[PDB]
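Heads up: the structure comes next, in structure tokens.
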Amino acid sequence: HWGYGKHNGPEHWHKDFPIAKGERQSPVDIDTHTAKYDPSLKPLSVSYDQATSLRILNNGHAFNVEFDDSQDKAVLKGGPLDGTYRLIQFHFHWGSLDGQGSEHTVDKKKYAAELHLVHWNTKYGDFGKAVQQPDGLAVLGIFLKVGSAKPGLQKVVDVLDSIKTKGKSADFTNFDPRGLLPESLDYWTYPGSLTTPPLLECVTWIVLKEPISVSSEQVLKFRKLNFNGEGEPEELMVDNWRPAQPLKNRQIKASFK
Ligand SMILES: [Zn+2]
């Protein structure tokens, strides 16, 4: 099926998922000098105090840290968002080298990786219904650069050896996602899509201006994961990112000057 290789990567997705060439595809390049400051944007409200993590899974494309979203335990509100969006999972996209890995770019600059905290609009009842709406999801994107280690990420790094291959999962309770955020919540926002098939155009993207720093040792462990399943020929899980897509008829707004 779809992947990130030469024969099943981003260049091939449109054949099975024609929306890949759609009206509001993601990611995109954020031209900082074209984005418009919007003084009407309310402050971003990240409420992860009651977040309940449950499990970490290698799905063959990346690894997902899943949360209990049966209640408003961990939510994202404010900013360009109307209503309440519940955290369901987070995952990353990274490269084979420190010079690439992020999906969104800033003035064409590629970061080592990108963290995506996925939330769905509670007005729609469940995640499956939400992805069918233009304002169904809100994904908080955070860039990762290589420098000093991120203490709040180590717990994630330590468990990767237990989910090396596709289909593997491990219990991952009591993890605090607040430890993955930068100091500032300044952000850019625009209407987009899921960056992986089915590429549904149901996402309000909120990309933070300030990247978080992770150590070389931490990202190296991400690169030891496998796209393949147990017993199969090893395919290192690297460069699982979709390149920037045409902005087309869209405007990127900034929460800061
Ligand atoms: Zn993602």
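Some values worked out for this structure:
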item	result
Any hit, region 207-221, residues being under 25 Å from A20 (Cβ atoms), of a type outside the set (G, A, S), crowded, with 16+ Cβ neighbours inside 10 Å and out of contact with any helix residue (DSSP H, G or I) (no Cβ under 9 Å at 6 or more places or on another chain)	yes
Test: residue in region 85-92 that is free of Cβ contacts under 8 Å to residues at least 40 places away in the same chain and aliphatic (A, V, I, L, M)	yes
Which listed residue is loosely packed, with under 15 Cβ neighbours inside 10 Å and of a type in the set (K, R), from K6, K77, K73	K6
Residue list for region 22-63, filter: part of a strand (DSSP E or B), among the β-branched types (V, I, T) and within 18 Å of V139 (Cβ to Cβ)	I30, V46
Meets criteria (crowded, with 19+ Cβ neighbours inside 10 Å, over 22 Å from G78 (Cβ atoms) and among the hydrophobic types (A, V, I, L, M, F, W, C)) for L137	no
Number of the exception - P191 against (1) surrounded by fewer than 18 Cβ atoms within 10 Å (Cβ to Cβ); (2) out of contact with any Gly (no Cβ under 9 Å at 6 or more places or on another chain)	(1)
Set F175, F127: member being within 18 Å of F63 (Cβ to Cβ) and in contact (Cβ under 8 Å) with a residue 24 or more places away in the chain	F175
Residue list for region 222-252, filter: closer than 30 Å to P39 by Cα and either among the polar types (S, T, N, Q) or buried (at least 17 other Cβ atoms within 10 Å of the Cβ) (or both)	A244, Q245, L247, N249, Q251, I252
Single residue of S96, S162 found to be touching a residue at least 60 places away in the same chain (Cβ under 8 Å) and either at negative phi or in contact with a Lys or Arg (Cβ under 9 Å, 6 or more places away or on another chain) (or both)	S96
Failed criterion for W188 (all others in (1) away from the ligand (no atom under 16 Å from the Cβ); (2) more than 15 Å from the chain's Cα centre (by Cα) hold)	(2)
Residue list for region 1-48, filter: basic (K, R) and under 19 Å from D239 (Cβ atoms)	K6
Candidate set: region 172-185, residues that are away from the ligand (no atom under 16 Å from the Cβ) and buried (at least 18 other Cβ atoms within 10 Å of the Cβ); chosen: the one nearest to the chain's Cα centre (by Cα)	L181
Strands (runs of 3 or more DSSP E) wholly inside region 183-257 containing at least 3 residues that are closer than 30 Å to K129 by Cα	187-192, 203-208
Condition check for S53: within 15 Å of the ligand (Cβ to nearest atom) and not hydrophobic (A, V, I, L, M, F, W, C)	no
Residue in region 61-82 that is within 16 Å of the ligand (Cβ to nearest atom), more than 29 Å from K164 (Cα to Cα) and of a type in the set (A, V, I, L, M, F, W, C) present	yes
Segments classed as strands (runs of 3 or more DSSP E), wholly inside region 87-171, with at least 3 members that are of a type outside the set (K, R) and away from the ligand (no atom under 16 Å from the Cβ)	169-171
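Where a number appears in this text, it was derived from the coordinates with a stated rule and is not lab data. We place every Cβ from the backbone using ideal geometry, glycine too, and count neighbours over all the protein chains shown.
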